[PDB]
């Protein structure tokens, strides 16, 4: 007669292809990529003949087989594809095979194949849009926003985006390489801990706790291998297979390392580490380079060289070559983007007409044109055009787009920036004809998280009432609120200025719109980005 029916032993059923060390703070030790997950299963036979061969099946297919030598057995084998499997133990003899009931086993991987789709309801004022315009609709999500700002991946209105960028992936390096981090308490040290034993110029993760270990919706079980932002992004990719999720390298305080990349030894090491990062974290779809900025004038006053433009063009061509190789290895399309200054003095330091051939999209940072960093020359921080009182204004969106077009950049590559936050000053005084922008300020406006910067949510929630004046400048295409008693002035984007940017993109055949930063919107800004580009509601 056939063997008796085995009973699968109680035991762990959760396994991973990319293992995470739960007691590691250095990136080198934190993740281990294997070619396959090590899986184990045991069984007991409470009644009958134990058979002569025991097998482990996954969805009916043999993953292991060996001699059946007693009432209990154990099998160890490898599983090289992530997902959930119905696993059975079958005992066979010449008279037949008898299979156990199935037990589900989970085989984790960083594409999120083991995870349920994170498909959460839209919050605040976000309304549903269908990405059918063919235009980019992007936004940045910040790693550290999960703490005070309490804005996690399950709160991103993901169906309303084509591109979701993660700021920021740091480049390892200590003294003289990431000195701009020292301006932020504990930040430089944090990177040195993450990069312990790791060469400089290789990428890492700045805050491994936020990126991978903090419990978040959908990834709360103790043995869920990937938690934090990366575990939720993987689940988000299961929910939105076409959303492009790009890791952004750099930003204001993590850009110093780019200034050393004129040394091809360092550049090659960096590019190779980006390739490894994408092989490790499969939910990511390319790389965004946010170098602020070629030529200097970024956070570090001691960096910047006339050689930076060349280095930027080389870097893009080599990134593209690496991504093209990864692309054919995997059958996937990988994207290469960059967030750049929108000021013509900085644009002119790079030959974008050449670099564009390596890039899918150029995220023109048409924001922060003005702000509390300059208390004497006030102006709209993210306007489309110059204002009527100063038609010579250098820093406007159109001027940055025009600088790119004048180099020969194709219009379709250019993605216009929208601000989901305002910049502002306090004590504004000595202005003429009721236009506060003609005076000078005494300091920054009180921000939501930091001086001189205010979330759009707070502008709409608190500064559109009481003594606050509201004006929409139709020449510049920019809103601003002003409190005459304290002289507080805030410049930002609102639904109408975003609609003007969107119409401008469609008229000039530009690539779409992107924003900084997603946690600060209440929905009004992203709704307008979507509507103004022609995306159908629903």
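Numbering follows the first chain given and starts at 1.
*Asks:* Where do the C-alpha atoms have the higher mean temperature factor in this entry, in 505-513 or in 49-57?
*Replies:* Between 505-513 and 49-57, it is 505-513.
*Asks:* Averaging only over Cα atoms, indicate whether 170-178 or 381-389 has the higher B-factor in the PDB entry.
*Replies:* Taking the mean B-factor of the alpha carbons in each, 381-389 is higher.
*Asks:* Looking at 99, 115, 328, 211, which has the highest Cα B-factor in the entry?
*Replies:* Across 99, 115, 328, 211, the entry lists the biggest C-alpha B-factor for 328.
*Asks:* Just the C-alpha B-factor column, please: which of 301, 218, 272, 228 has the biggest number?
*Replies:* When the deposited C-alpha B-factors of 301, 218, 272, 228 are compared, 301 is largest.
*Asks:* Please rank the C-alpha B-factors of the chain's modelled residues and tell me whether residue 426 sits in the lowest, middle or highest third.
*Replies:* According to the entry, residue 426 has a C-alpha B-factor in the chain's highest third.
*Asks:* Ranked by Cα temperature factor within the chain, is residue 159 in the lowest third, the middle third or the highest third?
*Replies:* CA B-factor rank for residue 159: middle third.
*Asks:* Of the three thirds of its chain by CA temperature factor, lowest, middle or highest, which one includes residue 486?
*Replies:* Highest third - that is where residue 486 ends up once the chain's C-alpha B-factors are sorted.
*Asks:* Compared with the other modelled residues in the chain, in which third is the CA B-factor of residue 238?
*Replies:* According to the entry, residue 238 has a C-alpha B-factor in the chain's middle third.
*Asks:* Select lowest, middle or highest to describe the third in which the CA B-factor of residue 29 falls within its chain in this entry.
*Replies:* Residue 29: CA B-factor falls in the highest third of its chain.
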